[PDB]
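Asks: coordinates only, no sequence provided:
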């Protein structure tokens, strides 16, 4: 009774016995330790796209926010999820340019809304209607990026050093 839709989460036993049908819009679930797909979009060896604007509405600081962040359909294959996202943004299909899991944001050092992964995709495409996770940051440079996190964006200390040594240095 129905069909596809704006992303849906179907819970099935193992074969094809859907135990429960949870919707992304449905608040029935408790969003906190859910699964999410996050990634940083960079290209041209210098074009780093990431949110810079400060949240005047909300009342909670943060280190940094990824570029492309969405939800995982059903929940089982992170590749399929991220793929659909990268395909809808620029039909990249995460199999034309080059992508690699930079890390995983969730534990605490990152502090996000839920358990999301971090993948580095080589490209320069704008996001879509998503003002919940990240409406879409801006395209800054390497000097401005490091200069921002160092200035005062709650992305300093071990956090900044970790990225500075990971990006610049190879250790």
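Replies: Arrived safely, thanks for sending. Residues are numbered from 1 along each chain as shown.
Asks: the spatially most central residue of the chain bridge partners, please.
Replies: When Cα atoms, centre = their mean is applied to the chain, the residue found nearest the centroid is residue 38 (1.8 Å). Beta-bridge partners for residue 38, by DSSP bridges, are residue 69, residue 118.
Asks: show me the contacts for it.
Replies: For residue 38, the contact set (Cβ atoms under 8 Å, 6 or more residues apart in numbering) comprises 66, 68, 69, 105, 112, 116, 117, 118, 119, 133. Placement of C-beta: from N, CA and C, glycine included.
Asks: with residue 11 instead?
Replies: Residue 11 makes contacts with 18, 19, 20, 21, 22, 74, as judged by Cβ under 8 Å, 6+ apart.
Asks: what's the longest helix along the chain in contact with?
Replies: The single longest helix within the chain, with elements called by DSSP state H, is helix 78-90. Helix 78-90 is touched from outside by 35, 37, 39, 68, 70-73, 92-95, 99, 117, 119, 121, 123, 125-128, with contacts defined as Cβ under 8 Å, 6+ apart.
Asks: following element in sequence after that helix, please.
Replies: Sequence-wise, the next helix or strand beyond helix 78-90 is strand 99-105, with elements assigned using DSSP states H and E.
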